[PDB]
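Let me begin by presenting the structure, written as structure tokens, before commenting on it.
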Amino acid sequence: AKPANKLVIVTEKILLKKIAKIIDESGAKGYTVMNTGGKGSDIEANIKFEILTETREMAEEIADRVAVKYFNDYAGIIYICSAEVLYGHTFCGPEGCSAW
Amino acid sequence: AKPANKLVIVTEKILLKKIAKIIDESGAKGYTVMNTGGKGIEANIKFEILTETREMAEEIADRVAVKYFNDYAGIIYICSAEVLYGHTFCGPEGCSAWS
Amino acid sequence: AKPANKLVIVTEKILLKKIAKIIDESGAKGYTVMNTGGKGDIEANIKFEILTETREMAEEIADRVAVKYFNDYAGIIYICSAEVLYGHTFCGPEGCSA
Ligand SMILES: Nc1ncnc2c1ncn2[C@@H]1O[C@H](COP(=O)(O)OP(=O)(O)OP(=O)(O)O)[C@@H](O)[C@H]1O
Ligand SMILES: Nc1ncnc2c1ncn2[C@@H]1O[C@H](COP(=O)(O)OP(=O)(O)O)[C@@H](O)[C@H]1O
Ligand SMILES: Nc1ncnc2c1ncn2[C@@H]1O[C@H](COP(=O)(O)OP(=O)(O)O)[C@@H](O)[C@H]1O
Numbered sequence: 036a037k038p039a040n041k042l043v044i045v046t047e048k049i050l051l052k053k054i055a056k057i058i059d060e061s062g063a064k065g066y067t068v069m070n071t072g073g074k075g076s077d078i079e080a081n082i083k084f085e086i087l088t089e090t091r092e093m094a095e096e097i098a099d100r101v102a103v104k105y106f107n108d109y110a111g112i113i114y115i116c117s118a119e120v121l122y123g124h125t126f127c128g129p130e131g132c133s134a135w
Numbered sequence: 031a032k033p034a035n036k037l038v039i040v041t042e043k044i045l046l047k048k049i050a051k052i053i054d055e056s057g058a059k060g061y062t063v064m065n066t067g068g069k070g071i072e073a074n075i076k077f078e079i080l081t082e083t084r085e086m087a088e089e090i091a092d093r094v095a096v097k098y099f100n101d102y103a104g105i106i107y108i109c110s111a112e113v114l115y116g117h118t119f120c121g122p123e124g125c126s127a128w129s
Numbered sequence: 256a257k258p259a260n261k262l263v264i265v266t267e268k269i270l271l272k273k274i275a276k277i278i279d280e281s282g283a284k285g286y287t288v289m290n291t292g293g294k295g296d297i298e299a300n301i302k303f304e305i306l307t308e309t310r311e312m313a314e315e316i317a318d319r320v321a322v323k324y325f326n327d328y329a330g331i332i333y334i335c336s337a338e339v340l341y342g343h344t345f346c347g348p349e350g351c352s353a
């Protein structure tokens, strides 16, 4: 298992591409995005990205970048969970997630 | 980053409003809900509520579980999270990137 | 609260049943699956979340899925610490106690 940070960005759907770009630009290996509702009849549609980042700082870079660009104007929460990636060709490389 | 508990409630879709009410009542600053399938495939919903404290999360969990989980399928679990950003979650205070 | 591993498998939608079977076969008490998009532009995939009582059950599932599918199918499997607060099936009549 390879430590990861699960960066979660829940924010407005309309930022999807904007945030995907940020995620792509961060060098995060990918991301998972889903449609969600959230409150912060009063549920609003939003999207949740989950970006497993190799490092915390990458996650924060993404968070910071998203937040600074968008979170004044757009609803969003970014949080981060410890994860370990057990498998993820892209995330762990040909190396595998048990790089001995 | 502000420590949080990601309270996850996966339960029957029909409880959405009912649980949202509980969440709203808990003083949780918001929640994220999504449609999911599950076996425990039935359509259900997953709430994710980031709570400032563990006890809030448990209050919600306890409240939901007591009010619904003896009659409705549902799992509640809780993950450590840190909120990096979340106006509503961290307040005007911010999520205090330095602790 | 009962410690759990939230095994998350994000992979191609078409593996849903195949992975569900693996999950079911692992003796995981259940799983949550959702439709997701992902990049690794967005492709539709599924995220399973399996709360497993033990890490090794999660890894068993992960290993089984990854071995059986991840050479041919896109997917990431990762695992989070979780605690189950409630989950009849997950914690048994015993309750989530701890
Ligand atoms: N071990 C688990 N891992 C991940 N998700 C779970 C787990 N157990 C339950 N869930 C989620 O919570 C839902 C409710 O599960 P529960 O065991 O309480 O009821 P169930 O009647 O078995 O549900 P189902 O209708 O899915 O069979 C499940 O469908 C699933 O979405
Ligand atoms: N405490 C929380 N737990 C989980 N998700 C949250 C929480 N607070 C906010 N969210 C998610 O982030 C989204 C935006 O939240 P926020 O910026 O507070 O603005 P708003 O009040 O305009 O929805 C919500 O719709 C929800 O999906
Ligand atoms: N760093 C990551 N963070 C979050 N999810 C990821 C990450 N990398 C991959 N995924 C998820 O796994 C899926 C497939 O992974 P991958 O093996 O990279 O295939 P692909 O590159 O063909 O999409 C992605 O579409 C995405 O949902």
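Residue numbers (the working numbering), protein chains in the order written: chain A, 36 to 135; chain B, 31 to 129; chain C, 256 to 353.
We put the beta carbon where it would ideally sit given N, CA and C, even for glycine.
Proximity test, Cβ basis, 9 Å: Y114/A and chain C: no
Interface positions of the stretch 44 to 70 of chain B facing chain C (Cβ-Cβ less than 8 Å), listed along the chain: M64, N65, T66, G67, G68, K69, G70
At least three beta-carbon pairs within less than 8 Å, the stretch 303 to 313 of chain C to the stretch 62 to 74 of chain A: no
Own chain residues within Cβ distance below 7 Å of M289/C, not counting five before or after: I301, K302
N- and C-terminal bounds of the beta strand (DSSP E) containing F303/C: 298 to 307
As assigned by DSSP and simplified to three states, the class of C116/A: strand
Neighbour flag for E89/A against chain C, beta carbons, 9 Å: no
Supposed close pair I316/C, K261/C - CB separation, criterion 8 Å: Not confirmed; about 12 Å, so no contact.
Where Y105/A meets chain C, residues with beta-carbon distance less than 7 Å: In chain order: nothing, as chain C lies at least about 18 Å away.
Endpoints, beta strand (DSSP E) assigned at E42/B: 32 to 42
heavy atom of ligand 2 below 8 Å from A283/C C-beta: no
Coarse secondary structure for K69/B, derived from DSSP in three states: strand
Backbone secondary structure at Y341/C - three-state DSSP: strand
Same chain only: Cβ atoms within 7 Å of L121/A, ignoring 5 sequence neighbours per side: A36, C132
Cβ contact (3+ pairs, closer than 8 Å) linking the stretch 99 to 108 of chain A and the stretch 34 to 48 of chain B: no
Same chain, Cβ closer than 8 Å to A275/C, neighbours up to 5 away in sequence not counted: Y286, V288, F303
Chain C contact for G116/B (CB, 9 Å cutoff): no
Distance cut-off 8 Å: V96/B Cβ against heavy atoms of ligand 1: no
Buried versus exposed call for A134/A [16 or more other C-beta atoms within 10 Å across all chains shown]: exposed
Partner residues on chain C for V43/A, Cβ-Cβ distance less than 8 Å: Result: empty, since nearest Cβ-Cβ is about 11 Å, beyond 8 Å.
Any non-hydrogen atom of ligand 2 within 8 Å of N81/A CB: yes
Closer than 8 Å at the beta carbon, the chain C residues around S110/B: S336
Classification of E79/A by the beta-carbon crowding that lies within 10 angstroms, buried from 16 upward: exposed
Whole-angstrom distance between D101/B and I57/A, CA atom to CA atom: 43 Å
Identity of the residues DSSP links to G104/B by a beta bridge: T41/B
Chain-ordered chain A contacts of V113/B [CB-CB under 9 Å]: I112, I113, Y114, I115
CA-to-CA distance, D279/C to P33/B, given in whole angstroms: 33 Å
Bridge partner(s) assigned by DSSP for residue 244/C: No answer is possible for residue 244/C: it lies beyond the span of chain C, which begins at 256 and ends at 353.
N- and C-terminal bounds of the alpha helix (DSSP H) containing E96/A: 91 to 105
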